[PDB]
Amino acid sequence: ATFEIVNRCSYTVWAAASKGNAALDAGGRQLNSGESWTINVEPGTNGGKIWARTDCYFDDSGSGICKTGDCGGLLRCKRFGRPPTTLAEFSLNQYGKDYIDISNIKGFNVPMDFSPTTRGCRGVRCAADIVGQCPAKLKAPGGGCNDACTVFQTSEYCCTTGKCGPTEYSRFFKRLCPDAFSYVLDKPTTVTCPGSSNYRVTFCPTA
């Protein structure tokens, strides 16, 4: 499946793509403002994610740091990124269908749209100014708006045992972005697409 990753932000981002234990495609790349990078994701990929990283520095070998979404210091991500990270999440060719969503469960750094480029389903979007509106206690000094699990490490926020409810913090994310997961047990906003759909992830869609 193809995923065109487009940076419409006025700032550079370093796109990342992983399924948690492996890179998807090259796993990451710099995207200056306006640039597009198309990756190929294998059919059947379960639990894939794409995200933006901000404020990165990499040496010639691709080792370095980012202020949001760092993945072990690698330009080329092999694992998931450090919160806060707005997440485009997908599982492909799952009994004939693809499933996509956006999640704020790991916080928010960059606004995104995640849409099919092929027919048969709608896209999802979280493009409100969550960083600007972020509750004081969730603001990450390194940049972005942390989720409450990251900040407070409680069973309730982290949904550790599977029984949690919405919270004042989750409700903030949900108010700003109704179409994204705000906590682990949120009413799902997953979209079912035809198996083997192709997609576009756009950072700063309303830039």
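Numbers here mean position along the shown chain, with the first residue as 1.
From the backbone N, Cα and C atoms, a Cβ is placed for every residue, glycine too.
Taken straight from Swiss-Prot:
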DISULFID  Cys9-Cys204  disulfide bond
DISULFID  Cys56-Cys66  disulfide bond
DISULFID  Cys71-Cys77  disulfide bond
DISULFID  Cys121-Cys193  disulfide bond
DISULFID  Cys126-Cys177  disulfide bond
DISULFID  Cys134-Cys145  disulfide bond
DISULFID  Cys149-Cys158  disulfide bond
DISULFID  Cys159-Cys164  disulfide bond
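Most other Cβ atoms within 10 A: among the disulfide-bonded residues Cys56, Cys77, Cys164, that distinction falls to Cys77. Within the set of disulfide-bonded residues (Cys9, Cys66, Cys126, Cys158), the lowest number of other Cβ atoms found within 10 Å of a Cβ is recorded at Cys158.
Every protein chain considered, the tally of other Cβ atoms within 10 Å of the Cβ of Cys193 (disulfide bond) stands at 23. Here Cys66 (disulfide bond) is compared against the disulfide-bonded residues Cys9, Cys77, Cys121, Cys158, and the shortest C-alpha distance is to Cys77. For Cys145 (disulfide bond), the nearest neighbour among the disulfide-bonded residues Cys9, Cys71, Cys159, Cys177, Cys204, judged by Cα separation, is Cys177. Sorting the disulfide-bonded residues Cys121, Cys134, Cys145, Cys204 by the number of other Cβ atoms within 10 Å puts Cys145 first. Candidate disulfide-bonded residues: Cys77, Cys121, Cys193, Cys204. Nearest to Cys177 (disulfide bond) by Cα distance: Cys204. Of all the disulfide-bonded residues in the record (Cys9, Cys71, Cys126, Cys158), the one with the smallest CA separation from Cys56 (disulfide bond) is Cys71. When the disulfide-bonded residues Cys71, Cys149, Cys159, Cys177 are compared by the number of other C-beta atoms lying within 10 angstroms of their own C-beta, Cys159 comes out lowest. Proximity to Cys149 (disulfide bond), judged by a C-alpha distance within 10 Å, picks out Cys159 from the disulfide-bonded residues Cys71, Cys121, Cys134, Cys159, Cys193.
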